[PDB]
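So you can see what is in the structure, the chains are spelled out below.
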Amino acid sequence: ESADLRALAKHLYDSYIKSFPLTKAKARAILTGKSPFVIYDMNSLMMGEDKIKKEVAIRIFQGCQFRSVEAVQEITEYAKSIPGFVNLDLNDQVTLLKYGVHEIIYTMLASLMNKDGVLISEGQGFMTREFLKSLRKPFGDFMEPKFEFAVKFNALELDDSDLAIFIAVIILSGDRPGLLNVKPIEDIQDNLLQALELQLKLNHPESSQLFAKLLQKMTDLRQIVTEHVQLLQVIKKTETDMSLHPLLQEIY
Amino acid sequence: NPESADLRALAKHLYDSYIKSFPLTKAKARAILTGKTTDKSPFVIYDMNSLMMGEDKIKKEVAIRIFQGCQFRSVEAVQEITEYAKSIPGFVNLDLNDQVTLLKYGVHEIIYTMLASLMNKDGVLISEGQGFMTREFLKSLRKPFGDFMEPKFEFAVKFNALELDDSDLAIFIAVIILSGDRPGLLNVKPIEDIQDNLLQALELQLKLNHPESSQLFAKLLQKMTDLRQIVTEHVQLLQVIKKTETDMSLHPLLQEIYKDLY
Ligand SMILES: COC(=O)[C@]1(Cc2ccc(O)c(CC=C(C)C)c2)OC(=O)C(O)=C1c1ccc(O)cc1
Ligand SMILES: COC(=O)[C@]1(Cc2ccc(O)c(CC=C(C)C)c2)OC(=O)C(O)=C1c1ccc(O)cc1
């Protein structure tokens, strides 16, 4: 019966590796020392465009949104590999992904961050924390709360096999508004929570109450998400130069 | 068999995303139209009085109010197709300008493909299938509004005879969006590679779902010629409206789609 939880752990690890090119293992190997191009100022950014692929702060934010949409499809694919997920009411699958992707993006973004900056373009670049802080308000305070979260999150020293199960727990949240059949969602999350618990005991025997400490980080995650939504409004309200091509507006 | 297993998974994925993106499926449309039902029975608009009463029953000039109404729903349909497109594996990975190009030229061919699901020889479901507007009433509309819908009906009765279900249409409308032959595409090869995979997916789906339908795949692909022609006539008809009805307002998103279209 513990054998089924190990099978679930391995299953989610295998699907996580398939769905996400840039693992934490890979990201960590880079961040510590195929060296990446560093963006530390406007001049290094300008030259960066030759491998990054009107105003600086707006172009960066927009680029980030384009790449965020690419990640949502990777997470959607991963979600369909979670035992029981596709058997749920189709409206509930949509609800769980709509509310879940933001929490997952910031969880996985921590894998790409240290206190000094963040890997960009599947590890091709490194944009410095200071450069992002240096953008004219309100763009200068967008990434900073994410860095704060990442520093505290990365102190848990989770690996990819741990994060694979954790991400599944996030997706199967029974408290998303508008859910029609909460029972099988909580029943799957119960099984994932059991699998995560055993994973963290076996993988981190020396790490006392790591399970508890990880679940507590959900608080921080949700604050980071609501804070981003609120700052997305300040943009929509007061930004004249944000108006993209009407058909691009639709995709985002 | 392992290769064909990945094509079944792609068809599954696309159908699943089709159900999520499109509130009114062919399956629901046909259940309303084939008049089996007591709860799903539509109110029928066939004349002015039934249109007037339809205003209370369903939730300026007549021909204009109907045309302004189709405009707004077309916009809402562009939204649904755009949401579907994002779900097609590889689409959001493509160049940003090419994503815009594929949608610009693709959405109207998809609108008319899926409008067929809502049509029989006698008329078309309106207001999410609550209403039904007769083909005769639409044809009797003041020139040039009288012949906007008739070419869609002509296409629909022929297309509908292929007897495709939603699981077929999900892969077909994906094949339409990933068209490498669109004017102004910067990188064609990555589009063609996605369409290759979609076409394999469609071919196995039509073979498994329609075993006794000879060359249904080839016959479906030929219908893409008919869609192309319906869009041209539609655009020509809009040019006439702009000049004849200067007081009538086209939607910017639709204007942007129509801007320098062939
Ligand atoms: C989970 O990770 C991600 O989704 C991202 C998306 C992404 C990919 C390539 C990129 O060049 C960017 C641009 C990142 C910035 C900070 C302008 C984002 O992949 C990243 O390497 C990265 O830094 C991401 C990212 C996502 C959301 C953000 O708010 C910031 C970065
Ligand atoms: C989903 O239903 C359709 O496809 C349309 C849109 C439609 C929806 C509700 C409506 O009330 C109407 C007609 C408008 C009034 C004010 C009675 C049209 O219903 C139609 O009869 C019709 O012709 C629709 C249509 C046609 C062409 C398009 O490009 C888009 C929608």
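Residues numbered from 1 in each chain as written, not as in the entry; some residues may be left out. Chains lettered and ligands numbered in written order. Heavy atoms only, no water.

Judging from the entry metadata, X-ray crystallography is the method by which this structure was determined, and 2.100 Å is the reported resolution.

### A closer look at the packing of helix α1 (residues 2–21) of chain B against helix α8 (residues 166–177) of chain B
Residue and element names in this part refer to chain B. Our working definition: Axes here mean lines fitted to C-alpha atoms, for a helix over just the part in contact, with angles spanning 0 to 180 degrees between N-to-C directions. Numbering goes from the N terminus for both helices and strands, where a helix is a DSSP run of H or I of at least four residues and a strand is a run of E of at least two. Small angles under 35 degrees read as roughly parallel and large ones over 145 as roughly antiparallel, with 65 to 115 read as roughly perpendicular and the rest as oblique. Contact definition: two residues touch when any of their heavy atoms are within 4.5 Å. Residues are grouped as follows: nonpolar covers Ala, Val, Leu, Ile, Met, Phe, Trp, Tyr, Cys and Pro; charged covers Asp, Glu, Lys and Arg; every other residue, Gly included, is treated as polar.
Packing of α1 against α8 brings their axes to within 8 Å, and their N-to-C directions diverge by 95°. Of the possible angle classes, the one that applies to α1 and α8 is roughly perpendicular. Between α1 and α8, the residues in contact are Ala11, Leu14, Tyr15 and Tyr18 and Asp166, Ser167, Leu169, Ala170, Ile171, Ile173 and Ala174, respectively. Here the residues of the contact of α1 with α8 sort into nine nonpolar, one polar and one charged.

### A few points about the interface of chain A and chain B
Our working definition: What gets called buried area is simply the loss in accessible area from a 1.4 Å probe that two parts show on being joined, summed for both. Here a polar contact is recorded for every N or O atom pair within 3.5 Å, except that within protein the pair must consist of a potential hydrogen donor and a potential acceptor, and residues adjacent in sequence are included only if both atoms are side-chain atoms.
Listed per partner, the contact involves 15 residues of chain A and 19 residues of chain B. Both faces considered, chain A and chain B share a buried interface measuring about 1,700 Å² in area, 69% of it formed by carbon and sulfur atoms. On the chain A side of the contact with chain B, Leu247(A), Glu250(A) and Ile251(A) bury the most area, a combined 33% of that side's loss. Inspection of the region where chain A meets chain B yields seven residue pairs in polar contact. Split into classes, the residues belonging to the side of chain A that touches chain B amount to nine nonpolar, three polar and three charged.

### Comments concerning the site of ligand 1
Residues and elements named next belong to chain A. Here is the rule: Residues are classed as near a molecule or strand on a simple rule: at least one heavy atom within 4 Å of it. For every accessible area listed, the method is Shrake-Rupley and the probe measures 1.4 Å; residues are considered covered only by the protein chains on display.
Lining the immediate surroundings of ligand 1 are 14 residues, of which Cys64, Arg67, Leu112, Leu119 and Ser121 lie closest. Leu119 has a polar backbone atom sitting 3.0 Å from an oxygen atom of ligand 1. Here ligand 1, which alone exposes 580 Å², has 88% of that area covered by the protein. Broken down by element, the residue count for the shell around ligand 1 peaks at five residues, all from helix α4 (residues 56–80).

### Comments concerning the nonpolar core
Which entries qualify depends on this criterion: Nonpolar cores are built from buried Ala, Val, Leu, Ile, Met, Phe, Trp, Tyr and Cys residues. Side-chain atoms within 4.5 Å join them into one set. Categorising residues by exposure relies on relative accessible area from a 1.4 Å probe, with only protein chains included: less than 20% of the type maximum marks a residue as buried, more than 50% marks it as exposed, and the intermediate range marks it as partly exposed.
Membership of the largest hydrophobic core comes to 90 residues, with the highest contact counts inside it found for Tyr84(B), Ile88(B), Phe91(B), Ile177(B) and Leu178(B). Setting aside chain neighbours within four positions, we find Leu178(B) in contact with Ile88(B), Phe91(B), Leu94(B), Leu102(B), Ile191(B), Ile194(B), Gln195(B) and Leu198(B). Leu5(A), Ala79(A), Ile82(A) and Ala168(A) belong to the second largest nonpolar core, which has 75 residues in total.

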